[PDB]
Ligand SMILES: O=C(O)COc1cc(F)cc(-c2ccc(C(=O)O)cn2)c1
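A single chain, nothing else alongside it, follows as structure tokens in the form solved without this ligand.
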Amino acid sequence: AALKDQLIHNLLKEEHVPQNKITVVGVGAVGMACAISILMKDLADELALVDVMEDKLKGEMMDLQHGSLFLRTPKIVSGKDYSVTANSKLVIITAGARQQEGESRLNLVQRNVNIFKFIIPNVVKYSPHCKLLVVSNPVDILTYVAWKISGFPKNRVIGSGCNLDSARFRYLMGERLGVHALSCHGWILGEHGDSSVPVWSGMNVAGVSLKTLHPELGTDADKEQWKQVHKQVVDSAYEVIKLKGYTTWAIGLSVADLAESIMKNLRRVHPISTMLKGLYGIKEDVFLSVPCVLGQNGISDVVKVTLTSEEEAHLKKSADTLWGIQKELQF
């Protein structure tokens, strides 16, 4: 008698189980950028959102849903309780607390750990086999904490690390050179942020080494000052926060790119943070960005970049600072 039943004859009981499902944890400006980039790239057949801010949660979920005519991701859900995230191939974490002044690095990072003590177990319970991608800062350390708290093998716990910074360094590289970033190549590795290492030996267009053309590249004797480009990169995020109150669009597109490799098993290489104990001369349990082959199983391989000894030195110094810090956290 109903309209649905008058119009439509049903022939198949539900058994609805998601196939390529993604969850974004945290619907702050970063998460929703991740959400929208992912939805517009068609990477999932179900997206789940989670956060503690129930009102903002339902609202974002509703806005995205009203866009369905324009999407090809048939189901969007959200909630306080993590069972809406059940059976994710990928779980992306952007949840954070924002630092007070005085607070101090250490206490800030311990509150975030406090968030992962609640957030990580819940994800793991409902998606034992998901890959985790952390974006929260500080990224290298909070990723380590996800690895520790989830009990996941290191290949399934990925840190967004220096993915966007590299993209960045390539856009600026392209601005100076006059070609598209897609065709500008360069890697920023190691610890995310100002302590990141710009591998000047690797930078090229068309396989043409720029440090060979221009031996002063990056060094302090450089008439063209290419180290300031790295600087621009490292500073560009605060600079944007300074100008619009936060950043979103780039980090989201950056995450969508990672998500695509994962969800499509592309085995592309990205500068993202992984557990590198053993490699690049690192002996502590620390996550850093190195070129990783990324796919349906997370990080499967690492490209061994030939670093100078000063670069090898840089990373080795981040491992210590990191570990020092992680050593002082309460799990």
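Residue indices: 1-based, along the sequence shown.
Beyond the structure shown, there is the form solved in complex with this ligand, which is absent from this document and is the topic of what follows.
Think of it this way: in the deposited complex, this ligand has a heavy atom of just one of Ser196, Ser88, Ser261, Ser136 within 4.5 Å, and the residue is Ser136.
Checked against this ligand in the deposited complex, the candidates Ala29, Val305, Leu266, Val269 yield a single residue with a heavy atom inside 4.5 Å, and that residue is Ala29. Of the heavy atoms in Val124, none are within 4.5 Å of this ligand in the deposited complex.
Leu253 falls outside the set of residues with a heavy atom inside 4.5 Å of this ligand in the deposited complex.
Although the partner is absent from this view, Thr247 contacts this ligand in the deposited complex, with a non-hydrogen atom inside 4.5 angstroms. A residue is said to contact a partner when one of its heavy atoms sits within 4.5 Å of a partner heavy atom; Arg168 meets this definition for this ligand in the deposited complex. Only one listed stretch (197-205, 218-226, 176-184, 88-96) carries heavy atoms within 4.5 Å of this ligand in the deposited complex, and that stretch is 88-96.
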